[PDB]
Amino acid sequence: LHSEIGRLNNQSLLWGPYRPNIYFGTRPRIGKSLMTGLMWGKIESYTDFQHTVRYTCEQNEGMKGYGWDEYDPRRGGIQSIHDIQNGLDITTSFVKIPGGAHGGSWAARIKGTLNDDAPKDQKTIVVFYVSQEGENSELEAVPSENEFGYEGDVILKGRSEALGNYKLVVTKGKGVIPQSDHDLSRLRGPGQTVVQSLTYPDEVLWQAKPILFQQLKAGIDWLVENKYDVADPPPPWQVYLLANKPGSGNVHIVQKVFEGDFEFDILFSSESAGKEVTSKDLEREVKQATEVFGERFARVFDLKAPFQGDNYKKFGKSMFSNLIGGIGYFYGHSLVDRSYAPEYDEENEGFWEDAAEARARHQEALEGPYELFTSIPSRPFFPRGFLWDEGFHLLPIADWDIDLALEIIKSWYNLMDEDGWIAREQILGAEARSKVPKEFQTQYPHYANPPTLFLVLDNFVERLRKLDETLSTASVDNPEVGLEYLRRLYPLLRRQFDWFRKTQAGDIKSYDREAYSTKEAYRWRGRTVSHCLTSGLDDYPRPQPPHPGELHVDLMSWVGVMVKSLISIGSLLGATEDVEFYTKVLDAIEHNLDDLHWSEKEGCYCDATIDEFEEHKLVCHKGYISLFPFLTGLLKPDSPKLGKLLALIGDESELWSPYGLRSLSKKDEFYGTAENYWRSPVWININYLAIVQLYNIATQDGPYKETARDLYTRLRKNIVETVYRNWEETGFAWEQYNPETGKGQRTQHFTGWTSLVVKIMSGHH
């Protein structure tokens, strides 16, 4: 029965607008298959369209904003795009229609409305670009009756092993289509929908912009050769209209020019399903998906006081939809240094210079292919999987649809190599690579990242202990399906745990170091003079200079998170021998957190190094790092140390701002220095962990119950209101927030763990 859910999940999830790197496109969860994408741009001159055309996501002064108003990857949703440059408010509605054997059907409506500023007679070029990869697959544009192009719909018929037979229609649409009275119209037509059917080697089909422009340039070259010139030139929009040439190929460009408002549909009909998809079908499924979305949100994300107001519901729906709407399918080779150069063991003083030397060998090479199905932090700036980010992304998503979240965990775990490594940053295929400087592509098998995905697993486990609707919870409602999932994953979890212990081990046994355990001690590999990227907290201050005897309290805590998870899941599976080992590791981490990292003098946890004199030294820098054993759920509720941390947490002159907790204390000498990334600003992911843990102390008999209850109340309020106010003013989720001004800063469209705010509002942890 397990593989029954599995099959239904696969069929449910296969199609999606799973290209969050572009404004709008579709692809299925198959490496080499059919992909679509949308392009549009005003044209007002002979040279403007190249600068105005939109395709890949960006965020600059020319774009007011854009994002998903509703979305569920099983059903589809609606996206809004507000484009200042092209004077256009666009809606793209996408809906899936279950059926047949090939993952069903889908449909999209593209609606564009000129805004108030745009010339009412604006000419907007619109392209629907379709490509198919695979050796034994075919796709063909049925030619038009009319001479120079299409008066009605464009029908592509295609076939592949993966999709069986299918038709993809781009409808005639509604809106004025301009008409040219130039001489050229005798050869090019007065103006109509056109199709070019082309073929290129499979691996470049993703390069839609250049492919398109190469075609436009050949049309213009043809104008020149054929005596169309500046003495009497055709209008711009006709100069940029491709000559109609439909046929068969692995690329099909469908182009329309509109004057004023426009709309058209795309209907993908799987032959193996019922009858084919119509526009009436699209409208009906669109209405139905909203109703369903509406009802799930109010049940799953029931906002509690003082956020019950409709303004906060709208806010929550925006933050949620953007997070789950960023879900992508990525496919291809990634770039990995597999030298395991000895310099990467970072055993010497000065190891960062050695490691640079090894990086200068450039032994990295492409490997795979791999696939990933994942949510992403940022459509415009980093539309790809990041390992500890996904732990945060899946917490609201798991509420919504636990089976989807397990899907994404499974996809991430399927990347793990034989040693237990998963690269922190998944840049799959040339399309993904295009967005990323060559110097930052290389992944390193010695680089860890926080195992925040175990948090999602912990949530799953609690739920397991205590048709699209049915499917979304199948893995918790069917206990045996749940345990079977956990059974197949468990070895990989254990693999990762061991990998942490082998690759990120700290050195106790060879300095003057006394502690309950000789084993438990950890140091993040990959540290430079000013950075520790693998920790997730890029530039939070660490011992200077970096040193092979460093120990990092955040890393030990993460290992604590992992043991606790392995205990639960191990118990569920009866791995009795494993559970006893874990039990002793936990007990050891508990003692060793204190013996190696507790500072009585400072009242908080600290990273440690070894002195110029060769002795163990704590290096205390009050901020997120300092609260780690607390944030990761490792302290007993009665713990005096906890109490001291609650004081640090609440102290306005250290961490507590009106806007959330400061990454670093105002008292720290590194406050607001250098790039100031993790050296003062307020970060929603760490604030979320604080909030969940405060709530935990607050809902149990103990000495800090009422302190935690007050801090919980205030911090929930602070964090939610800061994120909300910024969204209200700017339309955006931001990456971090300024503790002096409350302004969002760094990157916009960060959905992205900022969206945790929906879970903070809905509460009851």
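A residue's number is simply how far along the shown sequence it sits, counting from 1.
- According to the entry, the deposited sequence places 10 or more unmodelled residues between residue 466 and residue 467.
- For the two regions 571-579 and 446-454, the entry's Cα B-factors average higher over 571-579.
- For the pair 475-483 and 529-537, the mean B factor over Cα atoms is greater in 475-483.
- Take 300, 422, 139, 553 and read off each C-alpha B-factor from the entry; 300 has the highest.
- The top Cα temperature factor in the record, among 78, 394, 610, 81, falls on 610.
- Residue 720 sits in the lowest third of its chain by CA B factor, as recorded in the PDB entry.
- When all modelled residues of the chain are sorted by CA temperature factor, residue 256 is found within the lowest third.
- Ranked within its chain, residue 370 lands in the middle third, by CA B factor from the PDB record.
- Sort the chain's modelled residues by C-alpha temperature factor and residue 62 lands in the lowest third, per the entry.
- Per-chain ranking of the deposited C-alpha B factor places residue 26 in the lowest third.
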